[PDB]
């Protein structure tokens, strides 16, 4: 029943597809996830079995000679289906003790038939146009949030430096008070034992002007700290908005890809595909 099945009708056979398409399907998949494709026309061999083991894609090549397939000489198996279905049941430890794993989870090319069950070609073409427009809308929404995200990140970093620059400026003005306090102790004492309130008036006026300027600089730093908390909240808010759109973008893209895959299958004219996408 199973071994009499053709290689074309097999779920795990994907035909002429690139190694990149195989990598996308096997990315973040469990051990024993697999699919077969046509080999590179440059290199020897007919087909390439690509399976998962230890979070890595293991490429095992299937050779052919005189009606017999296999991984190396001697070629024992009758067909590719017999080779695969054997290692679906039995372990690959038989071939090589390194990769003790079965071909457990076939990446079906009838997987998209579950996601897009509707049969009509024009109906699938219109839904691809609809899903692509939802993707393009969400993508431009994400890009606009990322423009704000980077600009808000930079402006926070500008403000963060300015807080330290305000604090160094306050330190210098506080050091000026320390300079005024210690040197004016002895001099004001000379101008108090002598009658010279004229001099005290314009020294204490100068001391008030210093302390008044410190209050203004401390206010400007205090106002900036509120703007930092204001803008830091905008960064966290934008990041939250992006993290809700992120999962939607993957689901829309993966669905759009599987809809485009279903029309890549049953080959549609590239003119028609570009009209629906645009």
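Residue numbers count along the first chain shown, from 1. Think of the rigid core as the biggest set of C-alphas that the two forms share within 1.5 Å after superposition.
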Following superposition on the rigid core, is the mean squared CA displacement, expressed as RMS, greater for 150-158 or for 101-109 in 8 other deposited structures of this protein?
101-109
Can you check whether 24-32 or 229-237 lies farther from the displayed model in 8 other deposited structures of this protein, averaging C-alpha distances as RMS after superposing on the core?
24-32
Across the other PDB entries of this protein that were compared, is residue 53 absent from at least a third?
no
For at least a third of the other PDB entries compared, is residue 214 missing from the model even though its neighbours are present?
no
Mean C-alpha B-factor comparison - 94-102 and 191-199, higher one:
191-199
Test of understanding: from the entry's C-alpha B-factors, which stretch has the higher mean, 69-77 or 108-116?
108-116
Go through 87, 183, 142, 173 one by one and give the residue whose Cα B-factor in the PDB entry is largest.
183
Lowest, middle or highest third - CA B-factor, residue 147:
middle
